[PDB]
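**Student:** Only the shape, not the letters, is given here:
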DNA sequence: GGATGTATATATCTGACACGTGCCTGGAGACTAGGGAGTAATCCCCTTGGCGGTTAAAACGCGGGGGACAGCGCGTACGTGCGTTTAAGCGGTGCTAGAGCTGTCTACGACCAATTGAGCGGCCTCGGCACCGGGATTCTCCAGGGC
DNA sequence: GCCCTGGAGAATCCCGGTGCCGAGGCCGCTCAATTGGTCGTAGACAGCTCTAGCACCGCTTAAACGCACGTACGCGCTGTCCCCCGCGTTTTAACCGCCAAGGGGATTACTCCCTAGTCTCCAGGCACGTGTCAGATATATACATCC
């Protein structure tokens, strides 16, 4: 997805 | 009903 | 450590509507759970109502409004009448 | 009187993932409602968790457990990683 | 002979048109009158903001659309294409509203 | 022989099982299944007996309610026999899927 | 000098406690401060609801020649009403069973 | 002699406020005391979720050649996912519309 | 006073709502059932809203009262504050 | 020792008894697999929350209160166990 | 009519419900200091009520094609009963991991005074989006041909 | 007689000019977030006790399993008649624009009554023992019910  |  | 419940008060109430009827332990646990659940519901609704109006206190009016919002139909009318009678009797003396 | 909202922070976050995209006022109202809803859910769950264990303080453990209870799937993993990273960076200095 | 579309063709066009827009599908004045009439019973001499009526209209629209989706599913389950009152009753019974 | 007509013993069973209030699933297989499922999320876990009892009660109630809804759906389509599509429709309408 | 102690529940003519409810309200994190008439109202409401449940359950128990109340009687009393069933429509009762009914189409 | 003021959000490397969340937690009647690490965690989680929603909505808006974002795009972004559709499954969005679909049996 | 305004919800409006819901063919007895359902829903929501506005000693029903009345029954609504 | 393949312990007669209590008269032959899948999904959903509640308290024994809270989190209040 | 399953009367017997009791923790009584809520006065924003013209939308009527509903036949899947095999339930032993309570003391959060920069309210302007018109491409329904 | 095989009218898409209203940037300034210290309690941590969860073995019987046979039910094919869809004309009331007046929401000062906080003491509610009766069990009628 986005930022981990 | 009750307690009338 | 000692805990607390509502067994004695439930028994006292039962000995006014059926003076020749008993109750087992499981039914008593069920009654305890029911009383706790209803108490939590009403208290939470009253707290939310007090928070909505920028107040910082809980009075009998919030309790009455919460009872009106929660209980359905004729139960609300009977509960409101009982609460008002209890409060006025407490205040009179 | 003056009101408070999350408009400036939402705009700041938007200007990082889409540097050439705007937003209207209705979408901003929807965003404010969404933020308030999520805040209320997480705070309430954390308060209940703290109350169950006979504690009287809200720490980051309660917030982490509430996040793991509410969010579904991989959102929980990502949010937990972001929160841990932020806390570590804050406490390093 | 005048050009006439076969039955059931304009219905699909209407579905495609109305599933693409976002406006309200009920006249505002009749709805406001109905809301005032209903609220007459609980209290008298009440005043409404416009935003309150708008919120009520949006909520009612969403509720009716969802109910119609469930009704269509129930009607299809019984090998039909026409929706009938018993489908609405079954959907409302399963959903827990009765 | 006194072979009853089909569908006669079924009504007797329905009347009998709607009057009692005991559990209808054996306890040891259920306990083993619960332990197997819980083995994934954590290892070396211990259960109180009342926990397994509560889980069994909740599962019983859920399944009975689902079967009532499935029966309603099956009756709606002019049938007596319940089929997987009825369960799927009931679950879809109830919001679980 | 101090006169004889009189409990608040006795002064209000109730059976449920009033001091305990006040303490629970004060320690439950509900509001900054709690009034004086809230516990009496709450205790009265709780007592009324308990009386309703117990009366109906006792009638159900006495129906089928029994002296004690068991969870089956409570389940019957709750499910057989119209306004108590709505208040407790999402509650499961242990060892309660179901209400006996059969669809008319199934019956021969 | 006082050092230069530095906001807690800058110290933690975030965009969402930390003092405001701390004040709301203290004044919301949630618990007697509030720790020093809760606001940072809560702000980080809120920022992450907001960024997720905004990115998906911006993609939806750019899909059909538009510059700004309107509630229809937010509805499309939310309904077209699988985790966000579960987190907001009981929420109505004003002026959102519905996802376009038609049952296969109705099609000619 | 006001009377029988439930007939203001005309048949074409119900048809448009059904079309948005994905329905292709409609019978002739649907409209009365829909009117009854809508009346019940409105009655519940308006009763809760009026109780909320009466607790605060006001004579005007605002949007926040409707929002709270909807949120009470698991119908959270976004965009009206 | 690990545990494997215990979902077959929910035998056909038990499912038939549950259906009979539900009010069903005739049952097809493919119901049992659907019932087993539904039960497995429900059990996983409840047990995950119960184990999370247990872990938060730094314990190794799952109590009945954890199960009660996990059920309450999904609007399935249960009376009797506390 | 008769096999099968269902309702009923009686000795009895064991475990669970109701009753007694010592005592100790939580509720009751009297007094006080300070902040929350009730009350009167005032300003101006937002709800209610009214009038006229126009044009989009609702109501009424009619022909006909497609869909709901009833009836009949056949073949497979589910219910009922019986002999054989598997493991659930019950009672009893023995060992130890882990839940629950207690005493000490240290690090962490509440509270208060000063100082200052981040965020809210108020004008201003230009570019993104709604609306209009004409032309190019697409989708549907009925008429004909020979395979 | 059938399976296509092109045209025609309506619907949808595409492109260019326009003007107007809302989104985005700029400036005072004021209330809320920051920095530095102090104190009293909540929670971390180590140690001891004893409840209850896990492991094992033998046996008696209730429940699960496997195979056969026949009948009730699901499902596919036909035909008919009522009801809902598509379209053109007439009638009704929604909607837009502008004005005017008064009820009711929002803000400020102030003064008193209601609730939090302490200390003492004594009675109500909990843990512990127990003796008896409501309830469960077994067996012989005996009447309601299915093929």
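**Tutor:** Received the coordinates, thanks. Numbers count the residues shown, from 1 in each chain, chains lettered A, B, ... in the order given.
**Student:** and the helix ranked longest in chain E with chain D, contact?
**Tutor:** Longest helix in chain E, counting residues (DSSP state H): helix E:50-77. No - Helix E:50-77 stays clear of chain D (Cβ under 8 Å from any Cβ of the partner chain), getting no nearer than 11.6 Å. (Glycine included, C-beta is placed from N, CA and C.)
**Student:** after that helix comes which helix or strand?
**Tutor:** Per DSSP states H and E, the first helix or strand lying C-terminal to helix E:50-77 is strand E:82-83.
**Student:** How far away from the center of its chain is that next one?
**Tutor:** 15 Å (Cα atoms, centre = their mean, to the nearest Å).
**Student:** That strand vs chain H: in contact?
**Tutor:** No - counting by Cβ under 8 Å from any Cβ, no contacts exist between strand E:82-83 and chain H, the nearest distance being 11.3 Å.
**Student:** Ignoring the adjacent residues along the chain, who's closest to the residue nearest the centre of chain I?
**Tutor:** Geometric centre of chain I, nearest residue: residue I:42, 3.9 Å, by Cα atoms, centre = their mean. Leaving out its chain neighbours, the residue that sits closest to residue I:42 by Cβ to Cβ, 6 or more residues apart in numbering or on different chains is residue E:38, at 5.6 Å.
**Student:** Burial check on residue 39, number of neighbours?
**Tutor:** You didn't say which chain, so I picked chain C. 19 (other Cβ atoms under 10 Å in any protein chain shown).
**Student:** think we crossed wires, I meant chain E
**Tutor:** 19.
**Student:** So which residues of chain G form helices?
**Tutor:** G:8-11, G:19-27, G:38-63, G:71-79, G:84-87.
**Student:** right, so of those, which gets closest to chain A?
**Tutor:** Across these, chain A has its closest neighbour in helix G:19-27 (41.8 Å, Cβ to the nearest Cβ).
**Student:** Quick one: distance of the helix or strand hosting residue I:40 to the chain centre.
**Tutor:** Using DSSP H and E, residue I:40 sits in helix I:30-55. When distances are taken as Cα atoms, centre = their mean, helix I:30-55 is centred 6 Å away from the chain's centroid.
**Student:** can it be found next to DNA strand L?
**Tutor:** No - Helix I:30-55 stays clear of DNA strand L (Cβ under 7 Å from any atom of the strand), getting no nearer than 8.1 Å.
**Student:** returning to that earlier point: any chance of the helices of chain G in TSV with distance to residue I:18 and mean neighbour count as columns?
**Tutor:** Output for the helices of chain G, formatted as TSV (distance: least, Cβ to Cβ, whole Å; neighbours: other Cβ atoms under 10 Å in any protein chain shown):
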stretch	distance to residue I:18	mean neighbour count
helix G:8-11	59	16
helix G:19-27	50	15
helix G:38-63	43	22
helix G:71-79	36	21
helix G:84-87	30	15
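**Student:** how about TSV for the ones you listed, with distance to residue E:66 added?
**Tutor:** What follows is those, written out as TSV (distance: least, Cβ to Cβ, whole Å):
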stretch	distance to residue E:66
helix G:8-11	49
helix G:19-27	40
helix G:38-63	34
helix G:71-79	29
helix G:84-87	22
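**Student:** and the following helix or strand past the helix holding residue I:40, what other elements does it pack with?
**Tutor:** Per DSSP H and E, the first helix or strand lying C-terminal to helix I:30-55 is strand I:60-61. Using 3 or more Cβ pairs under 8 Å, 6 or more residues apart in numbering or on different chains; DSSP states H and E, the elements in contact with strand I:60-61 are strand E:47-48, helix I:30-55.
**Student:** Sheet-wise, list the partners of strand I:60-61 with their directions.
**Tutor:** strand E:47-48 (parallel) (DSSP bridges).
**Student:** From residue E:9, how far off is the residue of chain I found nearest chain H?
**Tutor:** In chain I, no residue comes nearer to chain H than residue I:79, which is 3.7 Å away by Cβ to the nearest Cβ. Computed as Cβ to Cβ, to the nearest Å, the residue I:79 to residue E:9 distance reads 37 Å.
**Student:** Between those two, tell me which one has more neighbours.
**Tutor:** Shown here are residue I:79 and residue E:9; by other Cβ under 10 Å, residue I:79 has more neighbours (23 against 11).
**Student:** Please enumerate the helices of chain C.
**Tutor:** Under DSSP H, chain C gives helices at C:7-17, C:25-52, C:60-70, C:74-92.
**Student:** Name the residues of the second one that come out as buried.
**Tutor:** Spelled out, it's helix C:25-52. Within helix C:25-52, the residues that count as buried by 16 or more other Cβ atoms under 10 Å in any protein chain shown are C:26-35, C:38-39, C:42-43, C:45-47, C:49-50.
**Student:** List, out of those residues, those positioned next to chain I.
**Tutor:** Among these, chain I is touched by residue C:49 when using Cβ under 8 Å from any Cβ.
**Student:** quick one: residue I:51 and residue C:66 touch, right?
**Tutor:** No - using Cβ atoms under 8 Å, residue I:51 is not in contact with residue C:66; the gap is 10.3 Å.
**Student:** Where does chain C get nearest to chain D, which residue?
**Tutor:** residue C:44 (10.0 Å).
**Student:** Report the contact partners of that residue.
**Tutor:** Taking Cβ atoms under 8 Å, 6 or more residues apart in numbering or on different chains as the criterion, residue C:44 is in contact with residue G:30.
**Student:** Stretch C:84-93 near chain B at all?
**Tutor:** No - using Cβ under 8 Å from any Cβ, stretch C:84-93 stays clear of chain B, coming no nearer than 9.6 Å.
**Student:** Can you pull the residues of chain I lying near chain H?
**Tutor:** I:20, I:22, I:24, I:74, I:75, I:76, I:77, I:78, I:79, I:80.
**Student:** what sits against residue C:4?
**Tutor:** So residue C:4 contacts residue G:20 (Cβ under 8 Å, 6+ apart).
**Student:** Name the nearest residue to residue G:54, ignoring sequence neighbours.
**Tutor:** The nearest residue in space to residue G:54 (Cβ to Cβ, 6+ apart) is residue C:14, at 5.2 Å.
**Student:** can you count the residues close to the one you found?
**Tutor:** 22.
**Student:** I'd guessed it sits against residue C:23; true?
**Tutor:** Yes - Residue C:14 sits in contact with residue C:23 when judged by Cβ under 8 Å, with a separation of 6.4 Å.
**Student:** Quick check: the gap between residue I:30 and chain C.
**Tutor:** According to Cβ to the nearest Cβ, to the nearest Å, residue I:30 stands 29 Å off from chain C.
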